[PDB]
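Pasting my_file01.pdb here (PDB, C-alpha atoms):
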ATOM      1  CA  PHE A  30      -2.385 -11.191   3.540
ATOM      2  CA  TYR A  31      -0.232  -8.138   4.597
ATOM      3  CA  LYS A  32       0.065  -6.815   1.030
ATOM      4  CA  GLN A  33      -3.754  -6.762   0.764
ATOM      5  CA  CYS A  34      -4.210  -5.171   4.218
ATOM      6  CA  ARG A  35      -1.584  -2.494   3.407
ATOM      7  CA  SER A  36      -3.363  -1.820   0.071
ATOM      8  CA  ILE A  37      -6.786  -1.413   1.794
ATOM      9  CA  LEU A  38      -5.340   0.917   4.405
ATOM     10  CA  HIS A  39      -3.800   3.055   1.573
ATOM     11  CA  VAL A  40      -7.304   3.292  -0.027
ATOM     12  CA  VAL A  41      -9.055   4.510   3.148
ATOM     13  CA  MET A  42      -6.202   6.932   3.957
ATOM     14  CA  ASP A  43      -6.651   8.501   0.486
ATOM     15  CA  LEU A  44     -10.484   8.640   0.887
ATOM     16  CA  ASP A  45      -9.859  10.524   4.137
ATOM     17  CA  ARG A  46      -8.562  13.573   2.163
ATOM     18  CA  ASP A  47      -7.910  15.800   5.195
ATOM     19  CA  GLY A  48      -6.695  12.884   7.388
ATOM     20  CA  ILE A  49      -9.310  13.410  10.115
ATOM     21  CA  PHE A  50      -8.950   9.726  11.205
ATOM     22  CA  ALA A  51      -5.179   9.452  10.547
ATOM     23  CA  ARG A  52      -3.659  10.795  13.760
ATOM     24  CA  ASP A  53      -4.119  10.282  17.481
ATOM     25  CA  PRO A  54      -7.548  11.774  18.404
ATOM     26  CA  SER A  55      -7.115  11.446  22.191
ATOM     27  CA  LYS A  56      -6.635  15.276  22.784
ATOM     28  CA  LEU A  57     -10.054  16.046  21.142
ATOM     29  CA  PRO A  58     -12.723  17.347  23.590
ATOM     30  CA  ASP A  59     -13.629  14.621  26.158
ATOM     31  CA  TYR A  60     -12.346  11.964  23.715
ATOM     32  CA  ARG A  61     -10.911   9.647  26.381
ATOM     33  CA  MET A  62     -14.116   9.925  28.500
ATOM     34  CA  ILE A  63     -16.321   8.903  25.536
ATOM     35  CA  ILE A  64     -14.147   6.449  23.521
ATOM     36  CA  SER A  65     -12.754   3.377  25.277
ATOM     37  CA  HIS A  66     -10.340   2.262  22.519
ATOM     38  CA  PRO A  67      -9.041   5.137  20.345
ATOM     39  CA  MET A  68      -7.754   4.035  16.936
ATOM     40  CA  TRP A  69      -6.334   5.877  13.949
ATOM     41  CA  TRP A  70      -4.837   5.086  10.544
ATOM     42  CA  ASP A  71      -1.195   5.845  11.460
ATOM     43  CA  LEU A  72      -1.394   3.393  14.388
ATOM     44  CA  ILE A  73      -2.826   0.667  12.117
ATOM     45  CA  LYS A  74      -0.036   1.372   9.606
ATOM     46  CA  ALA A  75       2.547   1.083  12.403
ATOM     47  CA  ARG A  76       0.976  -2.188  13.594
ATOM     48  CA  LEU A  77       1.332  -3.557  10.036
ATOM     49  CA  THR A  78       5.054  -2.479   9.931
ATOM     50  CA  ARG A  79       5.581  -4.126  13.408
ATOM     51  CA  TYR A  80       3.787  -7.384  12.308
ATOM     52  CA  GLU A  81       1.297  -7.117  15.217
ATOM     53  CA  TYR A  82      -1.586  -8.624  13.151
ATOM     54  CA  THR A  83      -1.528 -12.417  12.785
ATOM     55  CA  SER A  84      -4.727 -12.682  10.768
ATOM     56  CA  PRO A  85      -6.846 -10.535   8.480
ATOM     57  CA  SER A  86      -9.570 -10.512  11.218
ATOM     58  CA  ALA A  87      -7.209  -8.713  13.667
ATOM     59  CA  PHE A  88      -6.517  -5.965  11.069
ATOM     60  CA  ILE A  89     -10.263  -5.739  10.261
ATOM     61  CA  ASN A  90     -10.973  -5.301  14.004
ATOM     62  CA  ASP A  91      -8.831  -2.154  14.191
ATOM     63  CA  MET A  92     -10.111  -0.732  10.880
ATOM     64  CA  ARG A  93     -13.716  -1.178  12.100
ATOM     65  CA  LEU A  94     -12.841   0.558  15.378
ATOM     66  CA  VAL A  95     -11.797   3.774  13.574
ATOM     67  CA  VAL A  96     -15.213   4.193  11.952
ATOM     68  CA  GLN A  97     -17.227   2.893  14.967
ATOM     69  CA  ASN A  98     -15.368   5.360  17.211
ATOM     70  CA  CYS A  99     -16.347   8.085  14.769
ATOM     71  CA  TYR A 100     -20.044   7.215  15.162
ATOM     72  CA  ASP A 101     -19.772   7.019  18.955
ATOM     73  CA  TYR A 102     -17.946  10.384  19.200
ATOM     74  CA  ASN A 103     -19.499  12.473  16.399
ATOM     75  CA  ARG A 104     -23.145  13.036  15.669
ATOM     76  CA  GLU A 105     -24.890  11.058  12.853
ATOM     77  CA  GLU A 106     -25.524  14.333  10.972
ATOM     78  CA  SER A 107     -21.833  15.376  11.114
ATOM     79  CA  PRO A 108     -19.925  15.310   7.834
ATOM     80  CA  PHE A 109     -17.235  13.374   9.795
ATOM     81  CA  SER A 110     -19.773  10.520  10.129
ATOM     82  CA  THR A 111     -20.822  10.929   6.465
ATOM     83  CA  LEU A 112     -17.210  10.388   5.441
ATOM     84  CA  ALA A 113     -16.711   7.492   7.863
ATOM     85  CA  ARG A 114     -19.764   5.707   6.342
ATOM     86  CA  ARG A 115     -18.285   6.010   2.852
ATOM     87  CA  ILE A 116     -14.957   4.703   4.150
ATOM     88  CA  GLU A 117     -16.768   1.857   5.973
ATOM     89  CA  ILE A 118     -18.662   0.783   2.853
ATOM     90  CA  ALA A 119     -15.460   0.831   0.773
ATOM     91  CA  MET A 120     -13.277  -1.015   3.258
ATOM     92  CA  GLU A 121     -15.953  -3.644   4.115
ATOM     93  CA  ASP A 122     -16.346  -4.405   0.424
ATOM     94  CA  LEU A 123     -12.551  -4.658   0.020
ATOM     95  CA  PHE A 124     -12.320  -7.038   3.011
ATOM     96  CA  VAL A 125     -14.716  -9.414   1.229
ATOM     97  CA  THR A 126     -12.945  -8.987  -2.127
ATOM     98  CA  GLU A 127      -9.352  -9.375  -0.893
ATOM     99  CA  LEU A 128      -9.300 -11.088   2.545
ATOM    100  CA  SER A 129     -12.085 -13.747   2.392
TER     101      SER A 129
ATOM    102  CA  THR B  28     -14.689  54.151  24.306
ATOM    103  CA  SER B  29     -11.461  52.170  23.777
ATOM    104  CA  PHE B  30     -11.671  48.418  23.289
ATOM    105  CA  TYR B  31      -8.587  46.825  21.571
ATOM    106  CA  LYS B  32      -6.840  46.068  24.876
ATOM    107  CA  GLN B  33      -9.919  44.163  26.098
ATOM    108  CA  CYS B  34     -10.496  42.350  22.801
ATOM    109  CA  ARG B  35      -6.884  41.166  22.769
ATOM    110  CA  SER B  36      -7.161  39.886  26.362
ATOM    111  CA  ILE B  37     -10.489  38.081  25.661
ATOM    112  CA  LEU B  38      -9.015  36.441  22.573
ATOM    113  CA  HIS B  39      -5.987  35.337  24.664
ATOM    114  CA  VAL B  40      -8.305  33.752  27.270
ATOM    115  CA  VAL B  41     -10.268  31.893  24.594
ATOM    116  CA  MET B  42      -7.143  30.633  22.787
ATOM    117  CA  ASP B  43      -5.788  29.338  26.133
ATOM    118  CA  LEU B  44      -9.130  27.518  26.820
ATOM    119  CA  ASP B  45      -8.788  25.881  23.391
ATOM    120  CA  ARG B  46      -5.733  23.966  24.613
ATOM    121  CA  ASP B  47      -5.198  21.947  21.406
ATOM    122  CA  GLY B  48      -6.223  24.765  19.002
ATOM    123  CA  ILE B  49      -9.340  22.952  17.697
ATOM    124  CA  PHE B  50     -10.802  26.265  16.461
ATOM    125  CA  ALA B  51      -7.489  28.148  15.956
ATOM    126  CA  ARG B  52      -6.672  27.318  12.340
ATOM    127  CA  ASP B  53      -8.477  27.303   9.022
ATOM    128  CA  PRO B  54     -11.121  24.500   9.097
ATOM    129  CA  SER B  55     -12.058  24.823   5.398
ATOM    130  CA  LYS B  56     -10.409  21.526   4.270
ATOM    131  CA  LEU B  57     -12.614  19.445   6.662
ATOM    132  CA  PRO B  58     -15.123  17.228   4.788
ATOM    133  CA  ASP B  59     -17.991  19.267   3.219
ATOM    134  CA  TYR B  60     -16.973  22.298   5.350
ATOM    135  CA  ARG B  61     -17.497  24.959   2.631
ATOM    136  CA  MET B  62     -20.856  23.307   1.678
ATOM    137  CA  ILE B  63     -22.202  23.552   5.256
ATOM    138  CA  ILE B  64     -20.512  26.717   6.639
ATOM    139  CA  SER B  65     -20.936  29.896   4.595
ATOM    140  CA  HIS B  66     -18.495  32.012   6.622
ATOM    141  CA  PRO B  67     -15.523  30.039   8.126
ATOM    142  CA  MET B  68     -13.781  31.721  11.073
ATOM    143  CA  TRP B  69     -10.958  30.733  13.375
ATOM    144  CA  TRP B  70      -8.900  32.287  16.194
ATOM    145  CA  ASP B  71      -5.735  32.968  14.163
ATOM    146  CA  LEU B  72      -7.819  34.948  11.630
ATOM    147  CA  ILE B  73      -9.351  37.044  14.434
ATOM    148  CA  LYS B  74      -5.833  37.635  15.840
ATOM    149  CA  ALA B  75      -4.662  38.815  12.387
ATOM    150  CA  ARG B  76      -7.680  41.143  12.151
ATOM    151  CA  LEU B  77      -6.797  42.695  15.553
ATOM    152  CA  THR B  78      -3.210  43.206  14.348
ATOM    153  CA  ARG B  79      -4.430  44.752  11.076
ATOM    154  CA  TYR B  80      -6.930  47.107  12.879
ATOM    155  CA  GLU B  81      -9.826  45.584  10.899
ATOM    156  CA  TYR B  82     -12.198  46.073  13.917
ATOM    157  CA  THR B  83     -13.584  49.591  14.290
ATOM    158  CA  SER B  84     -15.907  48.744  17.173
ATOM    159  CA  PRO B  85     -16.193  45.982  19.768
ATOM    160  CA  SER B  86     -19.385  44.679  18.070
ATOM    161  CA  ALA B  87     -17.407  43.600  14.962
ATOM    162  CA  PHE B  88     -14.895  41.650  17.096
ATOM    163  CA  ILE B  89     -17.780  40.068  19.085
ATOM    164  CA  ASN B  90     -19.449  39.045  15.816
ATOM    165  CA  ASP B  91     -16.365  37.143  14.611
ATOM    166  CA  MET B  92     -15.837  35.472  18.012
ATOM    167  CA  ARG B  93     -19.480  34.347  18.123
ATOM    168  CA  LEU B  94     -19.170  33.083  14.535
ATOM    169  CA  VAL B  95     -16.398  30.592  15.462
ATOM    170  CA  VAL B  96     -18.579  28.883  18.041
ATOM    171  CA  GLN B  97     -21.822  29.060  15.994
ATOM    172  CA  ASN B  98     -19.963  27.467  13.047
ATOM    173  CA  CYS B  99     -18.954  24.653  15.383
ATOM    174  CA  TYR B 100     -22.574  24.094  16.383
ATOM    175  CA  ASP B 101     -23.740  24.136  12.782
ATOM    176  CA  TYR B 102     -21.049  21.752  11.474
ATOM    177  CA  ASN B 103     -20.828  19.277  14.397
ATOM    178  CA  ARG B 104     -24.435  19.831  15.656
ATOM    179  CA  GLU B 105     -25.289  21.650  18.879
ATOM    180  CA  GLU B 106     -25.221  18.624  21.157
ATOM    181  CA  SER B 107     -21.852  17.065  20.360
ATOM    182  CA  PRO B 108     -18.402  16.705  21.984
ATOM    183  CA  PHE B 109     -16.820  19.369  19.720
ATOM    184  CA  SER B 110     -19.674  21.734  20.622
ATOM    185  CA  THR B 111     -19.166  21.110  24.401
ATOM    186  CA  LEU B 112     -15.739  22.808  24.159
ATOM    187  CA  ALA B 113     -17.090  25.617  21.933
ATOM    188  CA  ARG B 114     -19.930  26.167  24.467
ATOM    189  CA  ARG B 115     -17.469  26.533  27.376
ATOM    190  CA  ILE B 116     -15.561  29.063  25.237
ATOM    191  CA  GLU B 117     -18.806  30.887  24.348
ATOM    192  CA  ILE B 118     -19.723  31.049  28.048
ATOM    193  CA  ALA B 119     -16.312  32.516  28.829
ATOM    194  CA  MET B 120     -16.240  35.148  26.149
ATOM    195  CA  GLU B 121     -19.906  36.210  26.893
ATOM    196  CA  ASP B 122     -19.007  36.539  30.625
ATOM    197  CA  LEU B 123     -16.094  38.808  29.651
ATOM    198  CA  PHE B 124     -17.894  40.913  26.962
ATOM    199  CA  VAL B 125     -20.523  42.088  29.502
ATOM    200  CA  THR B 126     -17.837  42.976  32.051
ATOM    201  CA  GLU B 127     -15.088  44.433  29.734
ATOM    202  CA  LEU B 128     -16.873  45.652  26.557
TER     203      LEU B 128
END
Any chance you could put this one into structure tokens?
Amino acid sequence: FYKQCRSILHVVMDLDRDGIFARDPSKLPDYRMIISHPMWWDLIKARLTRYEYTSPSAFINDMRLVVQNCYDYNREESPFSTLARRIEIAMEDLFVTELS
Amino acid sequence: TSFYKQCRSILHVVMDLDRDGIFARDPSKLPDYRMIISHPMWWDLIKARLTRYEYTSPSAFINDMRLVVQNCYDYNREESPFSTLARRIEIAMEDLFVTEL
């Protein structure tokens, strides 16, 4: 299932044109006070290279955390949240298509 | 009355408060940024304008400084974590404009 997970991560990383969810967000204002488990695409990619995921569900957990953290940190009306919803719809549909 | 010395020092204070340079560089590639924000502004652009003598009065410098933080409120919404940092910066620069300019 790693080939499929790697392929899905490549899709969301391309959808995120400016890479706003790609790098460590922990230095953003009050990020560590608000978000319990920061997550970002480059960490998920590294976890795939390190074989940390033993099931598709474990990869899906971390992918879901990136977009849920966006909604918990940013306002609903923010274009960051607009983009995260598009990414969420795309990746959730690809999980069903490729990993179920 | 002279003002460049004070504008430079206020800009230095603000750029030091913005520890990770959240508002220092061009934000125009952020999602839908040009659709939402008509006039993007950032600290490095204000610094370049000071260097190029583009300000002929303190009011023009104040306008650009206020624009950075108002653009943050408009893009991220007023009550948001990005806007909390911009508000602390706005508070600082308004406390210094009254006193220095």
Centre, x/y/z edge lengths, axis-aligned box for range 44-63 of chain B with 4 Å per side, as JSON:
{"center_x": -13.7, "center_y": 22.7, "center_z": 14.2, "size_x": 25.0, "size_y": 18.9, "size_z": 33.1}
For this session: Could you please select, counting only C-alpha atoms, the residues of chain A within 10 Å of chain B and state them as a PyMOL selection string?
Result: chain A and resi 45-49+56-60+63+102-112
Exercise. What residues come out when you apply the PyMOL selection byres ((chain A and resi 92) around 10) to this file, written as an MDAnalysis selection string?
Worked result: chainID A and resid 34 37:38 41 68:70 73 86:91 93:97 116:117 120:121
For this session: Using the chain letters and numbers from the file, give me the residues hit by the PyMOL selection byres ((chain B and resi 95) around 10), as a VMD selection string.
Result: chain B and resid 50 to 51 66 to 70 73 90 to 94 96 to 100 113 116 to 117
Problem set entry | Among the residues A:53, A:35, A:65, A:43, the one that comes closest to residue 77 in chain A [using all atoms listed in the file] |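 Using all atoms listed in the file, the shortest distance to residue 77 in chain A belongs to A:35.
The space between CA of residue 41 in chain B and CA of residue 55 in chain A spans 20.8 Å.
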Problem set entry | Coordinates-based distance that separates CA of residue 64 in chain B from CA of residue 86 in chain B (Å, one decimal) | 21.3 Å
For this session: For CA of residue 54 in chain A and CA of residue 121 in chain B, determine how far apart the two atoms are, in Å to one decimal place.
Result: 28.7 Å
Problem set entry | Evaluate the PyMOL selection byres ((chain B and resi 79-85) around 8) and report residues as a VMD selection string | chain B and resid 30 to 31 34 75 to 78 86 to 89 128
For this session: Considering all atoms listed in the file, state which residue in the set A:33, A:39, A:85, A:51 is at the smallest distance from residue 72 in chain A.
Result: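 Ranking A:33, A:39, A:85, A:51 by distance to residue 72 in chain A, first place goes to A:51.
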